[PDB]
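A single chain, nothing else alongside it, follows as structure tokens in the form deposited in one PDB entry.
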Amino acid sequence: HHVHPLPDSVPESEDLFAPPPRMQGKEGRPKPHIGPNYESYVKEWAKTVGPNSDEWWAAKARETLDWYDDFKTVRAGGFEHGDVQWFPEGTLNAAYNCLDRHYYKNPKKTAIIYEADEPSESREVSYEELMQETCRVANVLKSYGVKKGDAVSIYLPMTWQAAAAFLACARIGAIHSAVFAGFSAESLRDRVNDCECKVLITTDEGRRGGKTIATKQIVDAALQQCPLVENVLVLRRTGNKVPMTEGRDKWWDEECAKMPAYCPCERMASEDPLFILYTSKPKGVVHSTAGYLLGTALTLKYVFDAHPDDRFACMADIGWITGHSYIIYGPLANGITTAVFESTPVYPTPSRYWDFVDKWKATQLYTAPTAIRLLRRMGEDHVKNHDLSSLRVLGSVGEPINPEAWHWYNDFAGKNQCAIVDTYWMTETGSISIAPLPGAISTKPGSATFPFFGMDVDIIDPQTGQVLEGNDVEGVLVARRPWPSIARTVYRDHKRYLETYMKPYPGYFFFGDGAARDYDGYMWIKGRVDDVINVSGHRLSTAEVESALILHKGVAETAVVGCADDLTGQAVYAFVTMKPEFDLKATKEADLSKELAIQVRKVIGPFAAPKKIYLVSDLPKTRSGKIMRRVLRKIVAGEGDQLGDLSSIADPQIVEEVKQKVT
């Protein structure tokens, strides 16, 4: 075969994982929405793509969401000019679908499990309570002159009221723009200025992992350079003294106390913007309303097999698209219970996730490979002595999951009784693009497997621009047709949207990731196109080399970048982090580096073996867990003085250590 699976210590013949009994309708669990095999996935998927898929999408849109006005047209527009339309004539409101309609059915049902930074302060928030808070905030925003179509910046940490702030904007047709709490004043300023908002919602302080985030202090520094912001609504999360500017700044509780606990919903067109979400100039990805909401609702239902009484635990942050789609919009649109997790995976101890799961009997868990590798690094004593049997689906999002970490997830979090859904997508796709349906698909460690409903993906040969038909092909991932939750533009920069996604391969949407489809038709997304390394004509994905390195005992996490080489074009350079227990005296660093290189050579080939290996205490990462290989690539290339605004990455101090180790 030309395409190989991501390196794994398990033989390929023993590495296929059928839906386990918890996902077979056994063990008293709900029967899966799609099952029990691959063909059941294909039979339904075939209804969602192609020239006769309007019927399926029209029915799903009308069955899944409540509409004030019906639509007539299912879809129109396309990539070339960026005029994608779905259900254009219909009207709806996201807050109505995420709150009102469920409150009218079961007001006391839990909407949010609020897992506070300190475990003792966690509590359940009913749909009634969440709706009331959302309506109060919406009324406050209207009193500030916020109109349909106005942008509102949100700089809130992971307290449950973040959901109320999102949905209060959606309720009145405002466009919320959420910024990770803890982003520097500079990063906040750039995003507040770009969306041209006049109102900002924030906290006095945030709490995360027992640390205080001085949000109001950061807001005050940023707003000195944000001339349009005239109103700041400040949630009293900690109660510590913070500055408050007379007139501009008001307290959330004092303002909401003046307002009624119900607010009508603004009737939104399907294509009215729902939010702007900046990714790392800052790129404001814009999603509209109906198509995005439908995509998050359908993917949540089908990829995680969500049922009415499920308790869904997405442990990400609402500053990330993962939090937009699979904390707030998806779970609440489905009317189930969703977790707002305010802490870190290791506060107070690395048992936190699992204490949380057993306390609330979470039925699905969704996190990132960085968190899985972090907990794997800390040892099994924190997870082994838990129940965790309420879980039946474990999800991974953010980057390729190394098969080694996949197995740890499968073995310890799931006890070999959960389906693992490796979900590939992007901020720009709105909802999950490629993922196993857990009641249907037998999984391979490291493979997203098959495309979701409405996603028709192909592999293009970047040297020819042509689609590679069939299986056992490798290249760059593209999508053939629009899908309902695709981002509609980049805020006030449609040209950047067209040039980034629609022009590289005309006729297609360009994801920016390298991908392969193996002989069984499974899709493998193996890293960013910009991270590919070419050694003596061999094209290397980051995931395959990083997956080989972690097979060595004691390795916690690695990142590989290319460095120019006069004789091989590029050479692989690897940054490697070891588990805390690994003794760098019994195995001197030079001996360990040799073993790591040998391991890569045996599993991939000599061309992939790192020419140099740097042992570091940690890797530069974004708040969401992405490993910033561009930073490492520029440091190795001697361009460490031209890196840009890294002030809001997870730990800026790590960039200095890496610079020292390389020098």
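Whichever C-alpha set is largest while still superposing within 1.5 Å between the two forms counts as the rigid core. Don't overthink the numbering: it's just position in the shown sequence, from 1.
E12, present in the displayed chain, carries coordinates in each of the other PDB entries compared that cover both sides of it, far from a third leaving it out.
Residue-level annotation: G640 lacks coordinates in a third or more of the other entries compared, counting only those that model residues on either side of it. The gap between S280 and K281 holds 4 to 9 unmodelled residues of the deposited sequence. In this entry, 98-106 has the higher mean Cα B-factor, the comparison being between 98-106 and 145-153. Look at the C-alpha B-factors of 403-411 and of 581-589. On average they run higher in 581-589.
In the PDB entry, the Cα temperature factor peaks, among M455, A76, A564, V242, at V242.
Ranking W57, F607, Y38, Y68 by the C-alpha B-factor listed in the PDB entry places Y38 at the top. Among all modelled residues in its chain, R492 ranks in the lowest third by Cα B-factor.
Annotation for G319: C-alpha temperature factor in the lowest third relative to the rest of the modelled chain, per the entry. In the PDB entry, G182 places in the middle third of its chain by CA B-factor.
Among the modelled residues of its chain, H287 has a C-alpha B-factor that falls in the lowest third according to the deposited record. In the deposited entry, the Cα temperature factor of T202 places it in the middle third of its chain's modelled residues.
Keep in mind that the form deposited in another entry is missing from the display, and what follows is about it.
When the two forms are overlaid on the rigid core, CA displacement between the shown form and the other one of 2 Å or more is confined, within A178, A95, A164, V560, to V560. Core-superposed comparison between the shown form and the other one: CA of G605 displaced by 2 Å or more. Once both forms are fitted on their core, a CA shift of 2 Å or more is seen for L584 between the shown form and the other one. With the core superposed, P227 shows a C-alpha displacement below 2 Å between the shown form and the other one. In the other entry, the CA atoms of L437 and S547 move farther apart by at least 3 angstroms compared with the shown structure.
Note: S547-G512 Cα separation is 3 Å or more shorter in the other entry than here.
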